[PDB]
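Enquirer: My structure is stored as structure31.cif, with mmCIF, C-alpha atoms.
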```cif
data_data
#
loop_
_atom_site.label_atom_id
_atom_site.label_comp_id
_atom_site.auth_asym_id
_atom_site.auth_seq_id
_atom_site.Cartn_x
_atom_site.Cartn_y
_atom_site.Cartn_z
CA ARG A 1 93.72 137.58 99.77
CA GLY A 2 94.59 135.01 102.42
CA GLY A 3 93.63 131.59 103.65
CA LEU A 4 94.65 129.03 106.27
CA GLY A 5 93.29 125.58 106.90
CA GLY A 6 93.19 122.18 105.27
CA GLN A 7 93.58 120.19 108.41
CA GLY A 8 93.57 122.24 111.58
CA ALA A 9 96.37 124.70 112.34
CA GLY A 10 97.01 128.42 112.46
CA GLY A 11 99.53 131.22 112.32
CA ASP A 12 99.80 134.90 111.39
CA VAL A 13 98.11 136.68 108.48
CA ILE A 14 98.56 140.34 107.49
CA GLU A 15 97.38 142.09 104.33
CA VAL A 16 97.69 145.62 102.94
CA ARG B 1 97.43 136.05 97.00
CA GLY B 2 98.31 133.48 99.65
CA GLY B 3 97.34 130.05 100.87
CA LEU B 4 98.36 127.50 103.50
CA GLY B 5 97.01 124.04 104.13
CA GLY B 6 96.91 120.65 102.50
CA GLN B 7 97.30 118.66 105.64
CA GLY B 8 97.28 120.71 108.80
CA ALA B 9 100.08 123.17 109.57
CA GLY B 10 100.72 126.89 109.69
CA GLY B 11 103.24 129.68 109.55
CA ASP B 12 103.51 133.36 108.62
CA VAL B 13 101.83 135.14 105.71
CA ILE B 14 102.28 138.80 104.72
CA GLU B 15 101.09 140.55 101.56
CA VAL B 16 101.40 144.08 100.16
CA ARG C 1 101.28 134.46 94.13
CA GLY C 2 102.15 131.89 96.78
CA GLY C 3 101.19 128.47 98.00
CA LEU C 4 102.21 125.91 100.63
CA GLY C 5 100.85 122.46 101.26
CA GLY C 6 100.75 119.06 99.63
CA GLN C 7 101.14 117.07 102.77
CA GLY C 8 101.13 119.12 105.93
CA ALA C 9 103.93 121.58 106.69
CA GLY C 10 104.57 125.30 106.81
CA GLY C 11 107.08 128.10 106.67
CA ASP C 12 107.36 131.78 105.75
CA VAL C 13 105.67 133.56 102.84
CA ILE C 14 106.12 137.21 101.84
CA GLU C 15 104.94 138.97 98.68
CA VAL C 16 105.25 142.50 97.29
CA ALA D 1 95.99 93.49 106.47
CA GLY D 2 96.91 97.04 105.48
CA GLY D 3 96.42 99.92 103.13
CA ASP D 4 97.50 103.46 102.39
CA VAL D 5 99.87 104.92 105.00
CA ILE D 6 101.34 108.43 105.01
CA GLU D 7 103.99 110.21 107.06
CA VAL D 8 105.23 113.79 106.86
CA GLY D 9 107.91 116.14 108.15
CA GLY D 10 108.74 119.80 107.67
CA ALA D 11 110.18 123.01 109.09
CA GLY D 12 110.87 126.58 108.05
CA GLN D 13 112.11 130.04 109.02
CA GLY D 14 113.26 133.29 107.47
CA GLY D 15 111.26 136.37 106.53
CA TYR D 16 112.99 139.75 106.50
CA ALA E 1 92.14 95.08 109.34
CA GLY E 2 93.06 98.62 108.36
CA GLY E 3 92.58 101.51 106.00
CA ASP E 4 93.66 105.05 105.27
CA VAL E 5 96.03 106.50 107.87
CA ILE E 6 97.50 110.01 107.88
CA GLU E 7 100.15 111.79 109.93
CA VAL E 8 101.38 115.37 109.73
CA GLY E 9 104.06 117.72 111.02
CA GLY E 10 104.89 121.39 110.54
CA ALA E 11 106.33 124.59 111.96
CA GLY E 12 107.03 128.17 110.93
CA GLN E 13 108.26 131.63 111.89
CA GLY E 14 109.41 134.88 110.34
CA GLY E 15 107.42 137.96 109.41
CA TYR E 16 109.15 141.34 109.37
CA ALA F 1 88.43 96.61 112.12
CA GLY F 2 89.35 100.16 111.13
CA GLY F 3 88.86 103.04 108.78
CA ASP F 4 89.95 106.58 108.04
CA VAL F 5 92.31 108.04 110.64
CA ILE F 6 93.79 111.55 110.65
CA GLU F 7 96.43 113.33 112.70
CA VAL F 8 97.67 116.91 112.50
CA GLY F 9 100.35 119.26 113.80
CA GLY F 10 101.18 122.92 113.31
CA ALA F 11 102.62 126.13 114.74
CA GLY F 12 103.31 129.70 113.70
CA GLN F 13 104.55 133.17 114.67
CA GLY F 14 105.70 136.41 113.12
CA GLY F 15 103.71 139.49 112.18
CA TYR F 16 105.43 142.87 112.15
CA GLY G 1 93.02 75.40 118.83
CA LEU G 2 94.85 75.44 122.15
CA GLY G 3 96.08 79.02 121.67
CA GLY G 4 95.35 82.51 120.45
CA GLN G 5 97.26 85.09 118.47
CA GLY G 6 97.56 88.73 119.48
CA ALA G 7 97.36 92.33 118.29
CA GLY G 8 97.41 92.30 114.50
CA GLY G 9 97.45 95.47 112.41
CA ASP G 10 99.94 98.31 111.97
CA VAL G 11 101.67 100.98 114.06
CA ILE G 12 103.35 104.35 113.41
CA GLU G 13 105.04 107.15 115.40
CA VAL G 14 106.37 110.68 114.74
CA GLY G 15 109.34 112.80 115.81
CA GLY G 16 109.59 116.38 117.00
CA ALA G 17 111.23 119.55 115.71
CA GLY G 18 112.09 123.04 116.91
CA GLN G 19 113.67 126.21 115.52
CA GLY G 20 114.20 129.88 116.32
CA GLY G 21 116.47 132.89 116.22
CA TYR G 22 116.76 136.65 116.62
CA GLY H 1 89.39 77.09 121.40
CA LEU H 2 91.00 76.86 124.83
CA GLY H 3 92.20 80.47 124.57
CA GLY H 4 91.55 83.87 123.07
CA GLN H 5 93.43 86.56 121.20
CA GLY H 6 93.83 90.16 122.29
CA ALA H 7 93.62 93.78 121.19
CA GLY H 8 93.71 93.75 117.41
CA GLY H 9 93.72 96.94 115.38
CA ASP H 10 95.92 100.00 114.86
CA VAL H 11 97.96 102.51 116.88
CA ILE H 12 99.64 105.87 116.18
CA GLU H 13 101.40 108.64 118.15
CA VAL H 14 102.75 112.17 117.56
CA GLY H 15 105.73 114.26 118.66
CA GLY H 16 106.06 117.82 119.91
CA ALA H 17 107.66 121.02 118.65
CA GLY H 18 108.59 124.47 119.91
CA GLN H 19 110.09 127.65 118.48
CA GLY H 20 110.61 131.33 119.20
CA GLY H 21 112.99 134.26 119.34
CA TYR H 22 113.36 138.01 119.80
CA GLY I 1 106.42 71.85 129.62
CA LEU I 2 106.57 69.66 126.53
CA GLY I 3 104.67 70.69 123.43
CA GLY I 4 104.48 73.52 120.93
CA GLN I 5 103.86 77.04 122.13
CA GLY I 6 103.31 80.57 120.86
CA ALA I 7 105.46 83.18 119.16
CA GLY I 8 106.92 86.53 120.15
CA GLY I 9 105.41 89.97 120.12
CA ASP I 10 105.78 93.18 118.15
CA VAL I 11 107.96 95.89 119.73
CA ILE I 12 108.30 99.40 118.21
CA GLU I 13 110.19 101.95 120.23
CA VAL I 14 110.83 105.60 119.48
CA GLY I 15 110.88 108.55 117.09
CA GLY I 16 113.27 111.47 116.70
CA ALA I 17 114.10 114.63 118.62
CA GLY I 18 114.92 118.16 117.47
CA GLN I 19 116.46 121.25 119.04
CA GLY I 20 118.36 124.27 117.89
CA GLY I 21 118.33 128.03 117.70
CA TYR I 22 120.31 131.25 118.06
CA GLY I 23 122.08 129.77 121.07
CA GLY J 1 85.58 78.57 123.89
CA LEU J 2 87.19 78.27 127.32
CA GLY J 3 88.45 81.87 127.03
CA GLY J 4 87.86 85.24 125.45
CA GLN J 5 89.69 88.05 123.71
CA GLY J 6 89.97 91.63 124.91
CA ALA J 7 89.79 95.29 123.90
CA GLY J 8 90.01 95.38 120.12
CA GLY J 9 89.96 98.62 118.16
CA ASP J 10 92.28 101.60 117.70
CA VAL J 11 94.26 104.13 119.76
CA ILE J 12 95.62 107.62 119.01
CA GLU J 13 97.80 110.14 120.86
CA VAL J 14 99.16 113.68 120.38
CA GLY J 15 102.16 115.73 121.51
CA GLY J 16 102.56 119.24 122.81
CA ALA J 17 104.09 122.51 121.63
CA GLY J 18 105.17 125.89 122.99
CA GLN J 19 106.40 129.15 121.50
CA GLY J 20 106.98 132.80 122.23
CA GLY J 21 109.50 135.61 122.36
CA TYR J 22 109.93 139.34 122.90
CA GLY K 1 102.54 73.11 132.39
CA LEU K 2 102.68 71.17 129.14
CA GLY K 3 100.65 72.23 126.14
CA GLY K 4 100.25 74.91 123.50
CA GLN K 5 99.98 78.49 124.70
CA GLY K 6 99.46 82.03 123.45
CA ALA K 7 101.63 84.63 121.76
CA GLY K 8 103.08 87.99 122.72
CA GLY K 9 101.61 91.45 122.70
CA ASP K 10 102.10 94.71 120.86
CA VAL K 11 104.31 97.26 122.63
CA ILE K 12 104.55 100.85 121.32
CA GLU K 13 106.49 103.42 123.26
CA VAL K 14 107.28 107.01 122.40
CA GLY K 15 107.21 109.94 119.99
CA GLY K 16 109.50 112.94 119.59
CA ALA K 17 110.51 116.02 121.57
CA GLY K 18 111.36 119.56 120.49
CA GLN K 19 112.88 122.70 122.00
CA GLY K 20 114.83 125.74 120.89
CA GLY K 21 114.91 129.50 120.62
CA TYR K 22 116.88 132.65 121.39
CA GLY K 23 118.84 130.76 124.04
CA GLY L 1 98.75 74.31 135.22
CA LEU L 2 98.83 72.52 131.88
CA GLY L 3 96.68 73.63 128.98
CA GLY L 4 96.29 76.31 126.35
CA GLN L 5 96.05 79.94 127.34
CA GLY L 6 95.62 83.41 125.86
CA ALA L 7 97.94 86.08 124.56
CA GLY L 8 99.21 89.50 125.55
CA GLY L 9 97.70 92.92 125.17
CA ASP L 10 98.33 96.22 123.43
CA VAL L 11 100.55 98.69 125.30
CA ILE L 12 100.90 102.33 124.16
CA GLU L 13 102.90 104.80 126.21
CA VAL L 14 103.63 108.42 125.37
CA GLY L 15 103.66 111.32 122.90
CA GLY L 16 105.89 114.36 122.53
CA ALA L 17 106.86 117.46 124.50
CA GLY L 18 107.83 120.99 123.49
CA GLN L 19 109.33 124.15 124.98
CA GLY L 20 111.19 127.20 123.76
CA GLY L 21 111.38 130.98 123.82
CA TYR L 22 113.43 134.14 124.20
CA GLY L 23 115.06 132.69 127.30
CA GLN M 1 114.21 77.54 129.25
CA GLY M 2 111.14 76.19 127.49
CA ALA M 3 110.66 79.23 125.29
CA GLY M 4 112.54 82.38 124.38
CA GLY M 5 112.82 85.41 126.62
CA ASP M 6 113.34 88.97 125.40
CA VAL M 7 115.03 91.93 127.09
CA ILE M 8 115.41 95.46 125.73
CA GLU M 9 117.12 98.43 127.40
CA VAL M 10 116.94 101.38 125.00
CA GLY M 11 119.37 104.08 126.03
CA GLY M 12 118.82 107.79 125.60
CA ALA M 13 119.19 109.50 122.24
CA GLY M 14 119.75 113.22 121.77
CA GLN N 1 110.36 79.12 132.12
CA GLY N 2 107.29 77.77 130.36
CA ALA N 3 106.81 80.82 128.16
CA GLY N 4 108.70 83.96 127.25
CA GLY N 5 108.97 87.00 129.49
CA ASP N 6 109.50 90.56 128.28
CA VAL N 7 111.19 93.51 129.96
CA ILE N 8 111.56 97.04 128.60
CA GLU N 9 113.28 100.02 130.27
CA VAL N 10 113.09 102.96 127.87
CA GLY N 11 115.53 105.67 128.90
CA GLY N 12 114.97 109.38 128.47
CA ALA N 13 115.34 111.08 125.11
CA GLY N 14 115.90 114.81 124.64
CA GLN O 1 106.65 80.66 134.89
CA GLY O 2 103.58 79.31 133.14
CA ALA O 3 103.10 82.35 130.93
CA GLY O 4 104.98 85.50 130.02
CA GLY O 5 105.26 88.54 132.26
CA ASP O 6 105.78 92.09 131.05
CA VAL O 7 107.47 95.05 132.74
CA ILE O 8 107.85 98.58 131.37
CA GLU O 9 109.56 101.55 133.05
CA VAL O 10 109.38 104.50 130.65
CA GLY O 11 111.81 107.20 131.67
CA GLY O 12 111.26 110.91 131.24
CA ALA O 13 111.63 112.62 127.88
CA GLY O 14 112.19 116.34 127.41
#
```
Mind turning the file's structure into structure tokens?
Expert:
Amino acid sequence: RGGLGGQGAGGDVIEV
Amino acid sequence: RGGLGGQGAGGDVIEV
Amino acid sequence: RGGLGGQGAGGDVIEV
Amino acid sequence: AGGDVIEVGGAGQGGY
Amino acid sequence: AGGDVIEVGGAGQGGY
Amino acid sequence: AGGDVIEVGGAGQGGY
Amino acid sequence: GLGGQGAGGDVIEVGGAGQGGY
Amino acid sequence: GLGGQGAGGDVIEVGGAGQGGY
Amino acid sequence: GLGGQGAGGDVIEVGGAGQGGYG
Amino acid sequence: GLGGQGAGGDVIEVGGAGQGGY
Amino acid sequence: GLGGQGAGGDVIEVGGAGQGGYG
Amino acid sequence: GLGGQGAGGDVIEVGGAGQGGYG
Amino acid sequence: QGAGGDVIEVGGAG
Amino acid sequence: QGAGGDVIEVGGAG
Amino acid sequence: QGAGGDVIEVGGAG
């Protein structure tokens, strides 16, 4: 239920 | 239920 | 239920 | 002697 | 003497 | 004397 | 001719940001 | 001609960021 | 130094600067 | 001609970041 | 030193700078 | 030293710089 | 002179 | 002079 | 001079 990207970068992702 | 991108960047994402 | 982007940037996203 | 040019900004903070 | 050019920014913080 | 050029940024922090 | 031009084209820059708190 | 041009084309830069907190 | 000559040159300097926080 | 150009093309740069906290 | 001559050159300096946090 | 000559050259200096934290 | 001279002294922003 | 001279002294930003 | 001279002294950013 998550997605990062496009051009390059990042961060934090938490689910459930 | 989330999405980051377009051009490149990032942040925080939390769900449920 | 969320979305960031267009041109590149980011922030905070919280759901439920 | 030119064509499409783009520039971007952005920021963001918050959460809980 | 040119063509498509892109530039990007971004940031982000938060969470819980 | 040119063509497609890209540049990117980004950051991110948070979590729990 | 007796001379030459120099450095055609285009140029761009960017600025910087920064945030934060408790 | 009696001279020449120099360094045509394009140029770009970027800036820097930084964040953080307790 | 009689006679025509050349022109000037492009000069593009700086961008922004950002700070700030909880202190 | 009696001279020549020099170093055509393109150039790109980047900046730096830094984060962190307790 | 009479006679036509050349032109100037592109000059492109700086970007941004960013700081900040909990002090 | 009479006579035509050439032109200048591209010059490109710096980018950004970042810091920051809980102190 | 015989042509135009340029000087630039950009101070410090914030 | 016979042509234009350039000087640049970019100070320090923040 | 007979042509243009360039000088650049980029200070320190932050």
Enquirer: Where does the PyMOL selection byres ((chain F and resi 4) around 9) land in this file, that is, which residues does it pick, as a list in words?
Expert: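 On the file shown, the PyMOL selection byres ((chain F and resi 4) around 9) covers residues 2, 3, 4, 5 and 6 of chain E; 2, 3, 5 and 6 of chain F.
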Enquirer: Quick one: 8 Å padding each side, axis-aligned, all listed atoms of segment 2-14 of chain G - centre and edge lengths in Å to one decimal, as AutoDock Vina command-line options?
Expert:
```
--center_x 100.6 --center_y 93.1 --center_z 117.1 --size_x 27.5 --size_y 51.2 --size_z 26.2
```
Enquirer: Counting all atoms listed in the file, what is within 10 Å of residue 12 of chain F, bar same-chain residues fewer than 3 positions away, as a list in words?
Expert: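 Result of the neighbour search: residues 9, 10, 11 and 12 of chain A; 9, 10, 11, 12 and 13 of chain B; 10, 11 and 12 of chain C; 12 and 13 of chain D; 10, 11, 12, 13 and 14 of chain E; 15 of chain F; 18, 19 and 20 of chain H; 19 and 20 of chain J.
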Enquirer: Just fit chain O onto chain M on all the Cα atoms, in order, by least squares, and give it as a PDB file with C-alpha atoms, in the coordinates of the input.
Expert:
```pdb
ATOM      1  CA  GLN O   1     114.210  77.539 129.246  1.00  0.00           C
ATOM      2  CA  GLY O   2     111.140  76.189 127.495  1.00  0.00           C
ATOM      3  CA  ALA O   3     110.661  79.229 125.285  1.00  0.00           C
ATOM      4  CA  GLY O   4     112.541  82.379 124.376  1.00  0.00           C
ATOM      5  CA  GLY O   5     112.820  85.419 126.616  1.00  0.00           C
ATOM      6  CA  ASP O   6     113.340  88.969 125.406  1.00  0.00           C
ATOM      7  CA  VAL O   7     115.030  91.929 127.096  1.00  0.00           C
ATOM      8  CA  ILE O   8     115.410  95.459 125.726  1.00  0.00           C
ATOM      9  CA  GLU O   9     117.119  98.429 127.407  1.00  0.00           C
ATOM     10  CA  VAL O  10     116.940 101.379 125.007  1.00  0.00           C
ATOM     11  CA  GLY O  11     119.370 104.079 126.027  1.00  0.00           C
ATOM     12  CA  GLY O  12     118.820 107.789 125.597  1.00  0.00           C
ATOM     13  CA  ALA O  13     119.190 109.499 122.237  1.00  0.00           C
ATOM     14  CA  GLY O  14     119.750 113.219 121.768  1.00  0.00           C
TER      15      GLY O  14
END
```
Enquirer: Can you translate the PyMOL selection byres ((chain M and resi 3) around 6) into the concrete residues it hits in this file, as a PyMOL selection string?
Expert: (chain M and resi 1-2+4) or (chain N and resi 3-4)
Enquirer: Present chain D as a CSV table (one decimal) with C-alpha atoms, in the coordinates of the input, least-squares fitted onto chain E over all of its C-alpha atoms paired in order.
Expert:
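Below you can see out-v4.csv, which holds the result:
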```
chain,number,residue,atom,x,y,z
D,1,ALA,CA,92.1,95.1,109.3
D,2,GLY,CA,93.1,98.6,108.4
D,3,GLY,CA,92.6,101.5,106.0
D,4,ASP,CA,93.7,105.0,105.3
D,5,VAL,CA,96.0,106.5,107.9
D,6,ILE,CA,97.5,110.0,107.9
D,7,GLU,CA,100.1,111.8,109.9
D,8,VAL,CA,101.4,115.4,109.7
D,9,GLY,CA,104.1,117.7,111.0
D,10,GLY,CA,104.9,121.4,110.5
D,11,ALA,CA,106.3,124.6,112.0
D,12,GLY,CA,107.0,128.2,110.9
D,13,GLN,CA,108.3,131.6,111.9
D,14,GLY,CA,109.4,134.9,110.3
D,15,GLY,CA,107.4,138.0,109.4
D,16,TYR,CA,109.1,141.3,109.4
```
Enquirer: To test your reading of the syntax: which residues would the PyMOL selection byres ((chain K and resi 8-17) around 6) return for the file shown? Reply as an NGL selection string.
Expert: (:G and (6-7 or 13-16)) or (:H and (14-16)) or (:I and (8-17)) or (:K and (7 or 18)) or (:L and (7-18))
Enquirer: Least-squares align chain H to chain G using all Cα atoms paired by position, then dump the moved coordinates as a PDB file with C-alpha atoms, keeping the file's coordinate frame.
Expert:
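Output file selection_10.pdb is given in full below:
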```pdb
ATOM      1  CA  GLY H   1      93.223  75.572 118.712  1.00  0.00           C
ATOM      2  CA  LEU H   2      94.779  75.396 122.170  1.00  0.00           C
ATOM      3  CA  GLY H   3      95.959  79.010 121.885  1.00  0.00           C
ATOM      4  CA  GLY H   4      95.311  82.387 120.332  1.00  0.00           C
ATOM      5  CA  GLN H   5      97.203  85.067 118.460  1.00  0.00           C
ATOM      6  CA  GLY H   6      97.561  88.683 119.511  1.00  0.00           C
ATOM      7  CA  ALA H   7      97.345  92.287 118.363  1.00  0.00           C
ATOM      8  CA  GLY H   8      97.497  92.211 114.586  1.00  0.00           C
ATOM      9  CA  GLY H   9      97.519  95.376 112.517  1.00  0.00           C
ATOM     10  CA  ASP H  10      99.707  98.444 111.995  1.00  0.00           C
ATOM     11  CA  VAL H  11     101.697 100.993 114.016  1.00  0.00           C
ATOM     12  CA  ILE H  12     103.366 104.355 113.302  1.00  0.00           C
ATOM     13  CA  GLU H  13     105.075 107.162 115.265  1.00  0.00           C
ATOM     14  CA  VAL H  14     106.411 110.693 114.654  1.00  0.00           C
ATOM     15  CA  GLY H  15     109.359 112.817 115.776  1.00  0.00           C
ATOM     16  CA  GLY H  16     109.644 116.394 116.987  1.00  0.00           C
ATOM     17  CA  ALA H  17     111.244 119.589 115.713  1.00  0.00           C
ATOM     18  CA  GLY H  18     112.130 123.061 116.945  1.00  0.00           C
ATOM     19  CA  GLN H  19     113.632 126.233 115.500  1.00  0.00           C
ATOM     20  CA  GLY H  20     114.116 129.925 116.183  1.00  0.00           C
ATOM     21  CA  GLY H  21     116.474 132.873 116.325  1.00  0.00           C
ATOM     22  CA  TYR H  22     116.811 136.631 116.744  1.00  0.00           C
TER      23      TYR H  22
END
```
Enquirer: Is it possible to see chain I as a JSON list (two decimals) with C-alpha atoms, in the frame of the given file, once it has been laid onto chain K by a least-squares fit on every C-alpha atom in order?
Expert:
```json
[["chain", "number", "residue", "atom", "x", "y", "z"],
["I", 1, "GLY", "CA", 102.51, 73.21, 132.19],
["I", 2, "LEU", "CA", 102.61, 71.05, 129.08],
["I", 3, "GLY", "CA", 100.69, 72.14, 126.01],
["I", 4, "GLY", "CA", 100.51, 74.99, 123.54],
["I", 5, "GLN", "CA", 99.94, 78.51, 124.78],
["I", 6, "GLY", "CA", 99.41, 82.06, 123.56],
["I", 7, "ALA", "CA", 101.57, 84.66, 121.87],
["I", 8, "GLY", "CA", 103.08, 87.99, 122.88],
["I", 9, "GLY", "CA", 101.60, 91.44, 122.90],
["I", 10, "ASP", "CA", 101.99, 94.67, 120.96],
["I", 11, "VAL", "CA", 104.21, 97.34, 122.55],
["I", 12, "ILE", "CA", 104.57, 100.86, 121.06],
["I", 13, "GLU", "CA", 106.51, 103.37, 123.09],
["I", 14, "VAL", "CA", 107.18, 107.02, 122.38],
["I", 15, "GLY", "CA", 107.24, 110.00, 120.02],
["I", 16, "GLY", "CA", 109.65, 112.90, 119.64],
["I", 17, "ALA", "CA", 110.53, 116.03, 121.58],
["I", 18, "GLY", "CA", 111.38, 119.56, 120.46],
["I", 19, "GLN", "CA", 112.97, 122.62, 122.05],
["I", 20, "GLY", "CA", 114.89, 125.63, 120.92],
["I", 21, "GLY", "CA", 114.89, 129.39, 120.77],
["I", 22, "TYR", "CA", 116.91, 132.59, 121.14],
["I", 23, "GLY", "CA", 118.69, 131.06, 124.12]]
```
Enquirer: Give as a PyMOL selection string the set of residues within 8 Å of the point (121.6, 127.1, 124.0), where distances use the file's coordinates and all atoms listed in the file.
Expert: (chain I and resi 20-23) or (chain K and resi 20-23)
Enquirer: Would you mind listing what lies within 9 Å of residue 5 of chain B as a JSON list (two decimals) with C-alpha atoms, in the coordinates of the input, with only C-alpha atoms counted and same-chain residues fewer than 3 positions away left out?
Expert:
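Full text of selection.json as output:
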```json
[["chain", "number", "residue", "atom", "x", "y", "z"],
["A", 3, "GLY", "CA", 93.63, 131.59, 103.65],
["A", 4, "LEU", "CA", 94.65, 129.03, 106.27],
["A", 5, "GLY", "CA", 93.29, 125.58, 106.90],
["A", 6, "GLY", "CA", 93.19, 122.18, 105.27],
["A", 7, "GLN", "CA", 93.58, 120.19, 108.41],
["A", 8, "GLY", "CA", 93.57, 122.24, 111.58],
["A", 9, "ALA", "CA", 96.37, 124.70, 112.34],
["B", 8, "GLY", "CA", 97.28, 120.71, 108.80],
["B", 9, "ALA", "CA", 100.08, 123.17, 109.57],
["B", 10, "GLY", "CA", 100.72, 126.89, 109.69],
["C", 3, "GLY", "CA", 101.19, 128.47, 98.00],
["C", 4, "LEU", "CA", 102.21, 125.91, 100.63],
["C", 5, "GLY", "CA", 100.85, 122.46, 101.26],
["C", 6, "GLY", "CA", 100.75, 119.06, 99.63],
["C", 7, "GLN", "CA", 101.14, 117.07, 102.77],
["C", 8, "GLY", "CA", 101.13, 119.12, 105.93],
["C", 9, "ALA", "CA", 103.93, 121.58, 106.69],
["C", 10, "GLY", "CA", 104.57, 125.30, 106.81]]
```
Enquirer: What is the atom CA of residue 1 of chain F-atom CA of residue 12 of chain H distance in Å, reported with one decimal?
Expert: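 Value for the atom CA of residue 1 of chain F-atom CA of residue 12 of chain H distance: 15.1 Å.
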Enquirer: If we count all atoms listed in the file and set the cut-off at 7 Å, which residues sit around residue 6 of chain O, ignoring sequence neighbours fewer than 6 positions away in its own chain? Please answer as a short mmCIF file (atom, residue, chain, number, x, y, z; two decimals) with C-alpha atoms, keeping the file's coordinate frame.
Expert:
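Heads up, here's the output in out.cif:
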```
data_model
loop_
_atom_site.label_atom_id
_atom_site.label_comp_id
_atom_site.auth_asym_id
_atom_site.auth_seq_id
_atom_site.Cartn_x
_atom_site.Cartn_y
_atom_site.Cartn_z
CA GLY N 5 108.97 87.00 129.49
CA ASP N 6 109.50 90.56 128.28
CA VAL N 7 111.19 93.51 129.96
#
```
Enquirer: Expressed in Å to a single decimal, how great is the separation between atom CA of residue 11 of chain J and atom CA of residue 10 of chain O?
Expert: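 Straight-line distance from atom CA of residue 11 of chain J to atom CA of residue 10 of chain O works out to 18.6 Å.
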Enquirer: Between atom CA of residue 7 of chain E and atom CA of residue 7 of chain F, what is the distance in Å, rounded to a tenth?
Expert: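 Separation between atom CA of residue 7 of chain E and atom CA of residue 7 of chain F: 4.9 Å.
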Enquirer: Find the spatial neighbours of residue 13 of chain N, counting all atoms listed in the file, within a cut-off of 7 Å - ignore same-chain residues fewer than 6 positions away - and output them as an NGL selection string.
Expert: (:M and (12-14)) or (:O and (13-14))
